[PDB]
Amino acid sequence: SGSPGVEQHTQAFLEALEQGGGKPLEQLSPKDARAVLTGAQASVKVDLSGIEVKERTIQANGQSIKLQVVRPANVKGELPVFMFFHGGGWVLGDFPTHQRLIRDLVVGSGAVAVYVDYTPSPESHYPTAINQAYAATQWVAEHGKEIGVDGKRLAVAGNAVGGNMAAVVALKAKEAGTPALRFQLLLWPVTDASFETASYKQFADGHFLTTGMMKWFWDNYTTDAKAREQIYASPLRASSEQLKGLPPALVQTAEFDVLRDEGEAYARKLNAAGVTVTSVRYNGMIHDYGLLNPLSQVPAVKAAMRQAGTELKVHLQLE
C-alpha cells in the first residue's frame, strides 16, 4: 500500500484496497474483472451535471459502431469535438465507468466528446479496436454535422490504453492523410509492450495498477509478438520520421505509475520529431487518478482535470 510521496487521499485509498484484499484482478474472468471497475466507480457520489448525452450508431469499418456523444448542456451550434477512447487494459471499461472523467473534460473544454464503444478483449484482439477507433474518428470528421459538431475541429483523447488508442489513431490519421486532427490528449498512456522501464520495476505492486495486470492486459489484447512490435500497438517504437507531423500533444503522467516512463519517453520521441508537446508529471498520483471516482475530488486531480479541459479548449478554437 503506497510509497512515500503518495498524495494523502490517494494513499488512504491504497491502504483501503489492501485492507480486505481480494484476488489479483488478473486471476478473474473478464466478466468478473469488468464488475470490479463497475462496482468501484459506482461506490461514490460524483458530479455529472452540465452535460447531455445521446447515443448514435454508425456504419464504418464495414461495421456497426456505437457512439456516446457527450455535449455541454444548453449550447446551440456546431461545437468543436474530441474523440474519447476509454482505458481498462482493453479488457475493462465502457462509457458509464468513464463517464465522470468524460464529463469533466467536456464541461472544462466546452467541446463535445464522442465516446467510441470499441470491442473489448479478449472478445476481439488487436487491431480490431483501433480500426474501429480510427473509423469512428474519420466518420465524425466527415459527418459531424449529423451530431451537431464541427468535424474540422477535431481532437483525440483518452486514458491508459485509451491514451494508447488516441496516440495510434493520430498515427493512423497521419498515415492515411486524413482526417485533420487539432490535438491529441494522452492521459497516462500505454505506449510500449515492454515491461522493463524503471517505473515498471519501481511500482510493480501496491499502486493499484500492477505489472501483473499490465501483462495480462496485453496478453488479452494480443499474444502475437510481431503485432506488439508494430507502431500501431507500441507507438514508442516509432521513428522520428514516422512521428513527424503529428498533432500537438498534452501528455499527463502519474509519478507512481508503471506506465510513467514509457509515457514520458513517447513525449520525448514526439519532441525529437519536431511535434509540439507538453509533458507534465503529476507527482503523488497513481495510475488513473483522473478516472477513479473515489479520487475525483482530490485537489491535485481537479487541477489535472482543469488543465486537460483547458488545453482541449485552446486547440479547438475557430481559425
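From 1 onward, residues are counted along the sequence shown.
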- request: Would you mind comparing 22-30 and 51-59 for me and telling me which has the higher average C-alpha temperature factor in the entry?
  value: 22-30
field: Per the entry, higher mean C-alpha B factor between 72-80 and 104-112
entry: 72-80
message: Using only the C-alpha B-factors in the record, can you name which of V161, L243, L92, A227 has the highest?
response: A227
Ranked against its chain, the third holding the CA B-factor of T310: lowest
- line: By the entry's values, the third containing the CA B factor of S279 is the middle
message: Based on the deposited C-alpha B factors for this chain, I'd like to know if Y200 is in the lowest, middle or highest third.
response: middle
B-factor third for the C-alpha atom of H86 within its chain: lowest
query: Considering only modelled residues of the same chain, in which third does the CA B-factor of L318 rank: lowest, middle or highest?
result: highest
